[PDB]
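Q: Encoded as structure tokens, here's the structure I'll be asking about.
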Amino acid sequence: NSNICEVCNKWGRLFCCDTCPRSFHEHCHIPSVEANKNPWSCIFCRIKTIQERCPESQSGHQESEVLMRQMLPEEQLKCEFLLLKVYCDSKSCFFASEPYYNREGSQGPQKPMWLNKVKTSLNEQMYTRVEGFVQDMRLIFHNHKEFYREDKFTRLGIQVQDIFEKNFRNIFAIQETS
Ligand SMILES: [Zn+2]
Ligand SMILES: [Zn+2]
Ligand SMILES: [Zn+2]
């Protein structure tokens with residue numbers, strides 16, 4: 001196994017997957033690393049196993065169908081994985097914790113959103129449909145763009161949004177279009 005965390009690229013107290021070489025901090029993996037479980041498979045492996053059990057799940061899907069799906073375990077997991085892939089980008093630190101809003105010329109958002117609020121939401125089973133998760137995720141980057149306006153700092157929202165959207169398309173097998 002790795003000598004660093006797969007998410008945050010640092011060494012530390014790591015928990016190693018029993019089916020791939022990946023390693024994780026406790027609260028870096030999503031869900032948080034389960035107490036016992038020997039063997040333990042990480043979320044990368046568990047996502048792989050879905051595909052290897054239903055190879056037609058990689059056939060193209062419409063976004064609109066994906067968003068109405070209930071958050072049964074297999075979709076709960078994909079959201080968890082998608083969230084994790086956003087945390088893997090270092091620029092995610094700008095979106096992790098509760099923001100504040102006090103800039104000349106701008107007003108704060110009506111509904112603030114951040115990645116740890118979304119992680120806690122997934123964790124306490126608050127989302128019933130994929131739709132709900134994807135909306136809060138998109139909200140984070142929408143709120144960022146509206147607040148930083150023309151400051152080049154809005155570029156960070158676009159960059160991390162792109163990481164989210166590419167990974168959404170891959171994980172949920174969206175039909176590839178132009
Ligand atoms: Zn980590
Ligand atoms: Zn693994
Ligand atoms: Zn089947």
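Chain lettering (A, B, ...) mirrors the order of the structure tokens, residue numbering begins at 1 for each chain separately, and ligand numbering begins at 1 in order of display.
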Please list as an NGL selection string every residue within 10 Å of residue A:6, counting only C-alpha atoms and excluding residues in the same chain fewer than 3 positions away.

A: :A and (2-3 or 9-11 or 14 or 21-25 or 28-29 or 84-85 or 88)

Q: Let me see the file: selected residues, N, CA, C and O atoms, as an mmCIF file, in the first residue's frame.

A:
data_model
loop_
_atom_site.group_PDB
_atom_site.id
_atom_site.type_symbol
_atom_site.label_atom_id
_atom_site.label_comp_id
_atom_site.auth_asym_id
_atom_site.auth_seq_id
_atom_site.Cartn_x
_atom_site.Cartn_y
_atom_site.Cartn_z
ATOM 1 N N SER A 2 0.171 2.383 -0.347
ATOM 2 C CA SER A 2 0.788 3.709 -0.435
ATOM 3 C C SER A 2 1.310 4.206 0.937
ATOM 4 O O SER A 2 0.862 3.744 1.996
ATOM 5 N N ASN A 3 2.291 5.115 0.889
ATOM 6 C CA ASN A 3 2.841 5.784 2.085
ATOM 7 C C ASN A 3 2.193 7.139 2.282
ATOM 8 O O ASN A 3 2.592 7.880 3.178
ATOM 9 N N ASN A 9 -2.741 13.544 -0.312
ATOM 10 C CA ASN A 9 -1.321 13.361 -0.644
ATOM 11 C C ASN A 9 -0.308 13.527 0.472
ATOM 12 O O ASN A 9 0.854 13.794 0.190
ATOM 13 N N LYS A 10 -0.732 13.366 1.721
ATOM 14 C CA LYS A 10 0.158 13.519 2.873
ATOM 15 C C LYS A 10 0.351 12.175 3.532
ATOM 16 O O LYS A 10 -0.450 11.271 3.354
ATOM 17 N N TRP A 11 1.431 12.043 4.291
ATOM 18 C CA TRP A 11 1.595 10.900 5.192
ATOM 19 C C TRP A 11 0.798 11.136 6.510
ATOM 20 O O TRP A 11 0.421 12.278 6.844
ATOM 21 N N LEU A 14 -2.797 6.259 8.614
ATOM 22 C CA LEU A 14 -3.406 5.821 7.387
ATOM 23 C C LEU A 14 -4.052 4.467 7.596
ATOM 24 O O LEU A 14 -3.667 3.718 8.481
ATOM 25 N N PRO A 21 -3.813 -0.856 -3.813
ATOM 26 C CA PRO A 21 -2.735 -0.278 -2.947
ATOM 27 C C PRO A 21 -3.059 1.056 -2.207
ATOM 28 O O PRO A 21 -2.187 1.608 -1.528
ATOM 29 N N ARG A 22 -4.292 1.554 -2.310
ATOM 30 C CA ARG A 22 -4.619 2.886 -1.787
ATOM 31 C C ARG A 22 -4.585 2.963 -0.276
ATOM 32 O O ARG A 22 -4.857 1.991 0.417
ATOM 33 N N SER A 23 -4.238 4.134 0.223
ATOM 34 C CA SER A 23 -4.284 4.401 1.651
ATOM 35 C C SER A 23 -5.028 5.693 1.878
ATOM 36 O O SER A 23 -5.103 6.538 0.994
ATOM 37 N N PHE A 24 -5.582 5.823 3.077
ATOM 38 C CA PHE A 24 -6.440 6.947 3.433
ATOM 39 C C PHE A 24 -6.291 7.320 4.911
ATOM 40 O O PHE A 24 -6.108 6.441 5.767
ATOM 41 N N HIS A 25 -6.379 8.623 5.191
ATOM 42 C CA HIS A 25 -6.741 9.077 6.534
ATOM 43 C C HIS A 25 -8.174 8.683 6.819
ATOM 44 O O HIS A 25 -8.951 8.396 5.905
ATOM 45 N N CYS A 28 -10.573 11.398 5.630
ATOM 46 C CA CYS A 28 -10.346 11.713 4.200
ATOM 47 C C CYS A 28 -11.158 10.798 3.282
ATOM 48 O O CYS A 28 -11.661 11.217 2.248
ATOM 49 N N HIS A 29 -11.258 9.535 3.657
ATOM 50 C CA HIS A 29 -12.061 8.582 2.908
ATOM 51 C C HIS A 29 -13.507 8.938 3.197
ATOM 52 O O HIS A 29 -13.795 9.478 4.243
ATOM 53 N N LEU A 84 -15.808 12.529 -2.908
ATOM 54 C CA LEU A 84 -14.397 12.266 -2.608
ATOM 55 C C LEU A 84 -13.427 12.765 -3.688
ATOM 56 O O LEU A 84 -12.324 13.245 -3.381
ATOM 57 N N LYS A 85 -13.829 12.601 -4.947
ATOM 58 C CA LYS A 85 -13.030 13.072 -6.076
ATOM 59 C C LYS A 85 -12.885 14.579 -6.115
ATOM 60 O O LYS A 85 -11.924 15.067 -6.677
ATOM 61 N N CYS A 88 -10.176 15.329 -3.575
ATOM 62 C CA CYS A 88 -8.851 14.957 -4.112
ATOM 63 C C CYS A 88 -8.084 16.117 -4.744
ATOM 64 O O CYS A 88 -6.868 16.125 -4.726
#

Q: Would you mind listing the residues within 10 Å of ligand 3, counting only C-alpha atoms and all ligand atoms, as a list in words?

A: residues 53, 54, 55, 56 and 57 of chain A

Q: For the residues in that selection, give me N, CA, C and O atoms as a PDB file, in the first residue's frame.

A:
ATOM      1  N   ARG A  53     -20.007  -6.214 -11.791  1.00  0.00           N
ATOM      2  CA  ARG A  53     -21.268  -6.955 -11.627  1.00  0.00           C
ATOM      3  C   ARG A  53     -22.413  -6.543 -12.581  1.00  0.00           C
ATOM      4  O   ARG A  53     -23.369  -7.298 -12.741  1.00  0.00           O
ATOM      5  N   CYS A  54     -22.324  -5.359 -13.187  1.00  0.00           N
ATOM      6  CA  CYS A  54     -23.325  -4.893 -14.143  1.00  0.00           C
ATOM      7  C   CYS A  54     -22.610  -4.097 -15.223  1.00  0.00           C
ATOM      8  O   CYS A  54     -22.650  -2.871 -15.256  1.00  0.00           O
ATOM      9  N   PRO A  55     -21.924  -4.810 -16.136  1.00  0.00           N
ATOM     10  CA  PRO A  55     -21.188  -4.067 -17.187  1.00  0.00           C
ATOM     11  C   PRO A  55     -22.025  -3.162 -18.135  1.00  0.00           C
ATOM     12  O   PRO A  55     -21.443  -2.292 -18.790  1.00  0.00           O
ATOM     13  N   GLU A  56     -23.346  -3.372 -18.208  1.00  0.00           N
ATOM     14  CA  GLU A  56     -24.291  -2.435 -18.901  1.00  0.00           C
ATOM     15  C   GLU A  56     -24.638  -1.137 -18.142  1.00  0.00           C
ATOM     16  O   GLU A  56     -25.336  -0.288 -18.676  1.00  0.00           O
ATOM     17  N   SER A  57     -24.187  -1.020 -16.894  1.00  0.00           N
ATOM     18  CA  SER A  57     -24.226   0.226 -16.099  1.00  0.00           C
ATOM     19  C   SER A  57     -23.270   1.331 -16.609  1.00  0.00           C
ATOM     20  O   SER A  57     -23.378   2.484 -16.196  1.00  0.00           O
TER      21      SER A  57
END

Q: Restricting the calculation to only C-alpha atoms and all ligand atoms: of A:100, A:95, A:87, A:40, which residue gets closest to ligand 1?

A: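 For ligand 1, the nearest of the given residues is A:87.
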
Q: At a cut-off of 8 Å and counting only C-alpha atoms and all ligand atoms, what residues surround ligand 2? Please answer as a list in words.

A: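 Residues satisfying the distance criterion: residues 16, 17, 18, 19, 20, 21, 22, 40, 41, 42, 43, 44, 45 and 46 of chain A.
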
Q: Taking 3 positions as the minimum chain separation for residues in the same chain, which residues sit within 12 Å of residue A:165 when counting only C-alpha atoms? Answer as an NGL selection string.

A: :A and (63 or 82-83 or 85-86 or 134 or 137-138 or 141 or 157-162 or 168-174)

Q: Among chain A, which ones does DSSP assign to alpha helix (DSSP H) (computed from the backbone)? Answer as an mmCIF file with C-alpha atoms, in the first residue's frame.

A:
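Saved file result-v6.cif follows:
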data_model
loop_
_atom_site.group_PDB
_atom_site.id
_atom_site.type_symbol
_atom_site.label_atom_id
_atom_site.label_comp_id
_atom_site.auth_asym_id
_atom_site.auth_seq_id
_atom_site.Cartn_x
_atom_site.Cartn_y
_atom_site.Cartn_z
ATOM 1 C CA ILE A 43 -14.589 3.240 -2.198
ATOM 2 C CA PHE A 44 -12.521 2.970 -5.377
ATOM 3 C CA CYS A 45 -12.653 -0.849 -5.181
ATOM 4 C CA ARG A 46 -16.320 -0.905 -4.195
ATOM 5 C CA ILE A 47 -17.204 1.328 -7.139
ATOM 6 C CA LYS A 48 -15.214 -1.034 -9.433
ATOM 7 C CA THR A 49 -17.164 -3.990 -8.144
ATOM 8 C CA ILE A 50 -20.495 -2.364 -9.125
ATOM 9 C CA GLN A 51 -19.277 -2.072 -12.735
ATOM 10 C CA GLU A 52 -17.864 -5.642 -12.840
ATOM 11 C CA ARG A 53 -21.268 -6.955 -11.627
ATOM 12 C CA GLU A 63 -28.593 13.373 -16.755
ATOM 13 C CA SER A 64 -32.281 13.904 -16.052
ATOM 14 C CA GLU A 65 -32.826 10.164 -15.274
ATOM 15 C CA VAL A 66 -29.733 10.080 -13.085
ATOM 16 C CA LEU A 67 -30.940 13.052 -11.019
ATOM 17 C CA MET A 68 -34.366 11.514 -10.198
ATOM 18 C CA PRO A 73 -27.076 2.252 -1.527
ATOM 19 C CA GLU A 74 -25.453 2.037 -4.919
ATOM 20 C CA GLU A 75 -26.319 5.697 -5.676
ATOM 21 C CA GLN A 76 -25.432 6.804 -2.137
ATOM 22 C CA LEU A 77 -22.003 5.301 -2.825
ATOM 23 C CA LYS A 78 -21.489 7.020 -6.168
ATOM 24 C CA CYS A 79 -22.306 10.359 -4.579
ATOM 25 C CA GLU A 80 -19.874 9.604 -1.787
ATOM 26 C CA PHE A 81 -17.240 8.751 -4.412
ATOM 27 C CA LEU A 82 -18.000 11.849 -6.508
ATOM 28 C CA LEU A 83 -17.702 14.011 -3.392
ATOM 29 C CA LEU A 84 -14.397 12.266 -2.608
ATOM 30 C CA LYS A 85 -13.030 13.072 -6.076
ATOM 31 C CA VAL A 86 -13.675 16.761 -5.444
ATOM 32 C CA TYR A 87 -11.756 16.568 -2.129
ATOM 33 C CA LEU A 115 -18.174 20.604 1.098
ATOM 34 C CA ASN A 116 -18.216 19.541 4.830
ATOM 35 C CA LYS A 117 -21.900 20.448 5.031
ATOM 36 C CA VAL A 118 -22.505 18.225 2.026
ATOM 37 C CA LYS A 119 -20.338 15.381 3.484
ATOM 38 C CA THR A 120 -22.348 15.637 6.710
ATOM 39 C CA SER A 121 -25.569 15.643 4.672
ATOM 40 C CA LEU A 122 -24.595 12.421 2.858
ATOM 41 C CA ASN A 123 -23.482 10.961 6.156
ATOM 42 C CA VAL A 130 -29.269 12.220 -6.475
ATOM 43 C CA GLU A 131 -30.792 15.574 -7.535
ATOM 44 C CA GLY A 132 -30.458 16.889 -3.941
ATOM 45 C CA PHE A 133 -26.764 16.117 -3.698
ATOM 46 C CA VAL A 134 -25.916 17.464 -7.133
ATOM 47 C CA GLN A 135 -27.811 20.714 -6.404
ATOM 48 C CA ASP A 136 -25.853 21.481 -3.222
ATOM 49 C CA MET A 137 -22.618 20.689 -5.031
ATOM 50 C CA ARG A 138 -23.501 22.992 -7.919
ATOM 51 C CA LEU A 139 -24.659 25.561 -5.382
ATOM 52 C CA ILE A 140 -21.151 25.873 -3.870
ATOM 53 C CA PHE A 141 -19.672 26.909 -7.192
ATOM 54 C CA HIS A 142 -22.647 29.014 -8.202
ATOM 55 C CA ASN A 143 -22.441 30.953 -4.908
ATOM 56 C CA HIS A 144 -18.669 31.446 -5.382
ATOM 57 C CA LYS A 145 -19.054 32.885 -8.920
ATOM 58 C CA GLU A 146 -21.754 35.386 -7.918
ATOM 59 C CA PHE A 147 -19.792 36.706 -4.924
ATOM 60 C CA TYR A 148 -16.316 37.138 -6.454
ATOM 61 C CA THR A 154 -13.881 33.312 -9.427
ATOM 62 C CA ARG A 155 -11.592 31.186 -11.550
ATOM 63 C CA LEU A 156 -11.257 28.739 -8.555
ATOM 64 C CA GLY A 157 -14.961 27.994 -8.631
ATOM 65 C CA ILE A 158 -14.774 27.202 -12.369
ATOM 66 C CA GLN A 159 -11.758 24.980 -11.991
ATOM 67 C CA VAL A 160 -13.199 22.888 -9.168
ATOM 68 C CA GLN A 161 -16.640 22.854 -10.821
ATOM 69 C CA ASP A 162 -14.989 21.278 -13.850
ATOM 70 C CA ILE A 163 -13.475 18.555 -11.616
ATOM 71 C CA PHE A 164 -16.936 17.882 -10.278
ATOM 72 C CA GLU A 165 -18.664 17.781 -13.668
ATOM 73 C CA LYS A 166 -16.069 15.460 -15.381
ATOM 74 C CA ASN A 167 -16.301 13.065 -12.423
ATOM 75 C CA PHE A 168 -20.127 13.167 -12.383
ATOM 76 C CA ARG A 169 -20.106 12.211 -16.071
ATOM 77 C CA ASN A 170 -17.694 9.327 -15.504
ATOM 78 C CA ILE A 171 -19.203 7.904 -12.300
#
